[PDB]
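Below is one structure, written out as structure tokens; the observations come after it.
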RNA sequence: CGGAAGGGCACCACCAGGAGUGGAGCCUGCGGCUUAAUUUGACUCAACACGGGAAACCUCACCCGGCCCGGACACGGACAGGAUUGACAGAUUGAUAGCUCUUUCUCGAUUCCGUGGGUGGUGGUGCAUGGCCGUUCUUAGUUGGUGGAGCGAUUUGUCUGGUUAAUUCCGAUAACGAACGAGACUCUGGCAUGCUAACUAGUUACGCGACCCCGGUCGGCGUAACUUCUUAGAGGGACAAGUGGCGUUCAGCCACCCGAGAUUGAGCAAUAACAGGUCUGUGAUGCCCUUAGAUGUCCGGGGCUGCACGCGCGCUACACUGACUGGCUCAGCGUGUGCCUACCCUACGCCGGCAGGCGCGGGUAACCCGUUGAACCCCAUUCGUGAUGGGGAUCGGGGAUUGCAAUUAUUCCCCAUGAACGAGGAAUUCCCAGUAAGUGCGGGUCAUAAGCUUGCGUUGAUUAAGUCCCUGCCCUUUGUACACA
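Chains as they are written, first to last, in the authors' numbering: chain w, 2 to 56; chain DD, 1 to 171; chain GG, 18 to 117; chain 0, 83 to 150; chain SS, 1 to 96.
Set out below in structure tokens:
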């Protein structure tokens with residue numbers, strides 16, 4: 002069936018199951034500390050998150 | 001907490017909370033003069049001051065949009081009933097706020113005011129409000145297809161060092 | 018009766034003001050209080066690319082988030098601890114109160 | 083662009099004029115005759131008839147098969 | 001979008017009991033995370049609110065993963081005429 | 001701009017050296033070739049282990065076939081005598097896709113057929129852009145206001161000389177008052193036997209217990225003080241401060257006593273410009289194209305790995321300053337149970353040589369891994385100049401882990417086969433103090449995973465304190481028939 006084959010893919014792993022939480026793309030994901038977002042949006046919103054370039 | 005999250009993930013999740021909340025209120029209160037938020041967490045309650053310019057325009061019809069924003073936070077962030085409270089407050093000396101003058105300038109250019117006259121009006125308004133200096137850089141396509149970038153700088157303006165982190169404001 | 022306060026904060030002098038205010042409150046309420054114990058700080062390090070694409074010289078950022086943690090023990094009942102911790106709170110410092 | 087293999091057409095829905103008229107058999111007295119077998123499932127007690135094919139009987143939405 | 005009538009009445013009843021409603025940008029969701037009692041799939045929620053949006057009955061906003069809808073007074077009147085409810089009871093966003 | 005002159009600066013330049021590349025093997029990227037596809041951007045510094053790009057699925061944008069509309073909304077028809085979904089059997093198909101073909105059951109106004117129109121697009125356009133990054137440009141340069149010179153573009157200030165890493169200052173001066181950059185600033189690192197503190201860290205004394213002949217050891221237990229070792233806060237400390245020389249005796253330079261430093265490193269980093277890269281980061285976006293037999297989306301498989309060739313970054317070696325086997329002995333950056341999320345770090349006991357498997361524990365983290373028992377190095381046998389016990393390319397048989405799926409060996413382990421390589425040509429890369437280099441450990445990529453990158457630790461030097469010779473940069477003058485210079 003269409004309902005039986007529209008979601009027949011196991012998404013329990015891999016870099017396509019997870020994505021960014023801003024862009025929802027599958028490249029350059031910062032999965033560290035539960036950020037789960039791409040590095041460009043991390044550079045954009047690091048001041049709003051709290052990461053600052055000290056050294 | 002029953003799931004017992006870590007503090008390393010907790011401060012990062014609070015930073016993502018502040019970033020997503022700032023972006024949501026920036027996209028939603030753009031036409032009303034948004035300038036910032038400040039959040040306070042207590043036991044069983046979470047207070048937050050929205051800091052904006054036009055308080056009547058951010059409240060609407062007797063706090064209707066404020067109640068809508070409380071319901072937004074309650075539905076999206078999983079907060080209990082009455083566990084979060086929002087309060088709108090007027091920006092004192094709003095001419096020094098960089099993002100408020102930026103949103104004023106982009107709404108002037110969206111209404112259809114010319115670029116030179118709009119930059120002159122913004123610079124005259126902030127020098128009447130009283131500031132140390134300014135830097136109005138409007139980049140884009142002007143009078144044709146070639147990208148032409150303008151720059152209107154007068155007064156004291158610092159660029160380098162640690163004082164550029166918290167002595168100026170960039171929008 | 019041995020009630021534990023954990024102070025976690027991102028900023029330094031605000032956390033110092035909060036723990037000094039807790040010390041002054043415990044000294045004015047005259048209970049057996051231990052010294053504020055400093056847990057070692059944690060520098061969350063993120064190293065990403067400055068460039069959105071990968072075209073140019075290989076530059077790297079060092080995003081540093083310095084978090085700090087202190088602990089204060091109190092020999093007092095729960096009402097005294099709630100009365101102290103319900104006064105003069107600020108968003109920079111998160112307070113965790115453990116009864117046991 | 084132009085193609086060589088012809089496309090597969092959509093299944094044309096065979097409409098049935100008065101499908102309830104092919105279910106019961108009417109008598110001049112006050113009684114009815116039920117041709118097709120009812121489905122004994124729990125989700126469909128008595129109001130749902132089954133398909134009367136040439137070799138075996140079948141109910142669709144609960145997927146219940148009775149062969150001979 | 002062929003939708004179940006029970007799920008359509010449930011989503012419109014949620015939209016009437018609170019005018020502002022959220023949804024998650026994910027077509028592949030079995031159940032809606034707010035109303036976990038019924039089925040109410042997120043694709044049905046998004047397409048029903050998009051059908052309400054396209055004829056100008058609701059206001060749209062987006063924050064990085066989530067579509068937000070602010071229900072206007074014309075949408076209040078449309079949901080009242082659809083649900084055949086008396087105009088005395090009001091949604092909770094106008095409560096004071 | 002000058003293969004014109006006068007100064008200064010730079011190990012992305014040299015001298016003196018150190019380690020290398022180019023020589024052999026392997027890994028990764030690019031060009032080329034073949035292919036249904038070997039998706040594509042980038043071609044000097046400023047493209048080529050770069051797009052965080054270590055791709056079986058996804059990513060995937062390419063190809064081969066098949067579903068679905070997720071074509072909103074408006075207009076015109078159809079319709080309750082029913083607008084339209086779903087459906088196991090048999091043929092088809094790849095699948096237990098009603099995707100289709102013959103037979104019919106079911107959904108209930110949500111829907112269908114055409115016209116406008118919108119949405120979606122890792123489609124094209126970075127020569128439309130915004131933003132970000134890189135470069136000009138790690139050097140010290142740049143600009144108003146007034147006054148002055150010139151009709152004017154322009155010039156002075158913005159410099160003859162000295163000095164400095166610096167347009168940094170001294171001092172003359174048609175200049176004066178100034179502004180950005182540099183400097184200044186923040187963080188990192190040793191100096192504190194002084195303060196604040198410590199049962200999420202230890203020290204000293206004891207109460208014991210164990211062992212050896214009063215004494216020694218015990219991370220084996222508990223406690224009367226304390227922070228010296230541990231950690232983080234206020235601080236303080238170094239400023240050319242003092243002496244002796246050089247120098248307008250000003251700006252400054254060298255050596256030295258006292259002293260932990262008498263030049264640690266990173267971030268930010270001015271005006272103006274690049275027809276640099278990114279539309280393949282965005283529901284940032286303009287224009288063009290497609291839009292139902294889709295360039296939307298999903299499923300199944302392949303490919304991104306293909307191999308006569310060349311180039312670039314790296315890893316392993318060419319050995320006796322070494323290989324193998326036992327004994328001993330030393331860290332810190334760090335990380336650790338996830339919204340969806342289905343996936344954490346592991347102590348200990350058994351099964352097995354091994355990868356691993358099974359049980360109870362600890363840990364949301366100075367509590368548990370962990371006193372983080374890491375390598376080179378230290379000691380004692382085997383080797384004997386042989387492509388040999390160096391080296392481990394290639395290849396066969398087998399056993400487990402992760403995953404729905406390993407075939408093009410995902411990775412790990414055992415045995416066996418045992419190639420080139422004898423210090424590498426023109427040419428070329430990086431560097432001068434805890435530095436290069438050897439060496440190992442953490443994070444990202446991660447379900448399985450580091451031949452990459454970013455941090456950290458151990459051992460730890462040779463040679464130099466200069467120069468424009470080569471390559472470039474910055475001031476002054478000169479010449480120009482250049483100004484996409």
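The beta-carbon is built from N, C-alpha and C at its ideal position, and this holds for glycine as well.
Listed along chain GG, the residues sitting closer than 9 angstroms to residue 42 (chain DD) by beta-carbon distance are 103 and 106. Between residue 64 (chain SS) and chain w, the shortest Cβ-Cβ separation is below 7 angstroms. Three or more Cβ pairs closer than 8 angstroms define a contact, and the region 77 to 90 of chain GG meets that threshold against the region 45 to 64 of chain GG. The alpha-carbon separation between residue 19 (chain DD) and residue 107 (chain GG) amounts to approximately 19 angstroms.
For residue 55 (chain w), a Cβ of chain GG is located within less than 7 angstroms of the residue's own Cβ. Counting of Cβ neighbours within 10 angstroms places residue 64 (chain SS) among the buried residues, the total reaching 16 or more.
If you ignore the 5 residues before and after residue 88 (chain DD), its C-beta comes within less than 7 angstroms of the C-beta of 50, 52, 55, 58, 59 and 66, all in its own chain and listed in chain order. Assigned with DSSP and collapsed to three states, residue 42 (chain w) falls in helix. Taking C-beta separations shorter than 7 angstroms and ignoring five residues to either side along the sequence, the partners of residue 86 (chain DD) in its chain run 48, 50, 66, 69 and 70, following chain order.
The way I'd put it, the region 39 to 56 of chain w does touch the region 7 to 23 of chain DD; three or more beta-carbon pairs between them come closer than 8 angstroms. Between residue 98 (chain DD) and residue 169 (chain DD), the C-beta spacing is below 7 angstroms. The DSSP assignment places complete alpha helix (DSSP H) segments of no fewer than 4 residues inside the region 8 to 55 of chain w at 40 to 50, in order along the chain. For residue 81 (chain GG), the enclosing beta strand (DSSP E) begins and ends at 80 to 92. Within the same chain, 42 come within 7 angstroms of residue 26 (chain SS) by CB-CB distance, once the 5 residues on both sides are set aside. Put simply, the CB of residue 22 (chain w) is near chain SS, with a gap under 7 angstroms to one of its CB atoms.
Between the C-alpha atoms of residue 99 (chain 0) and residue 109 (chain 0) there is a straight-line separation of about 22 angstroms. Taken atom to atom, the span from the alpha-carbon of residue 94 (chain DD) to that of residue 35 (chain DD) is near 9 angstroms. When DSSP states are grouped into helix, strand and coil, residue 107 (chain DD) belongs to the helix group. Residue nearest to residue 82 (chain SS) within the set 21 (chain SS), 7 (chain SS) and 12 (chain SS) is 12 (chain SS) (criterion: CA-CA distance). Residue-level contact by beta carbon fails for residue 116 (chain GG) and chain DD, as no gap is shorter than 7 angstroms. Taking all protein chains in view, the Cβ of residue 133 (chain DD) is surrounded by fewer than 16 other Cβ atoms within 10 Å, so the residue is classified as exposed. For residue 129 (chain 0), the secondary structure class from DSSP, reduced to helix, strand or coil, is coil. The residue from 115 (chain DD), 166 (chain DD) and 74 (chain DD) with its alpha-carbon nearest to that of residue 152 (chain DD) is 115 (chain DD).
Contact annotation, residue 96 (chain DD) with residue 131 (chain DD): C-beta distance approximately 6 angstroms; criterion of less than 8 angstroms satisfied. Collapsing the DSSP output to three states places residue 141 (chain DD) in a strand.
Between residue 110 (chain GG) and residue 35 (chain GG), the C-beta gap is smaller than 7 angstroms, which places the two residues in contact. Between residue 96 (chain GG) and residue 23 (chain GG), the C-beta spacing is not below 7 angstroms. Put simply, of 73 (chain SS), 92 (chain SS) and 2 (chain SS) the residue whose alpha carbon is nearest the alpha carbon of residue 45 (chain SS) is 2 (chain SS).
Contact of residue 76 (chain GG) with chain DD is not assigned, every C-beta pair being separated by 7 angstroms or more. Put simply, of 60 (chain SS), 22 (chain SS), 28 (chain SS) and 18 (chain SS) the residue whose alpha carbon is nearest the alpha carbon of residue 5 (chain w) is 28 (chain SS).
If you look at residue 24 (chain SS), you'll find it in the beta strand (DSSP E) that goes 21 to 24.
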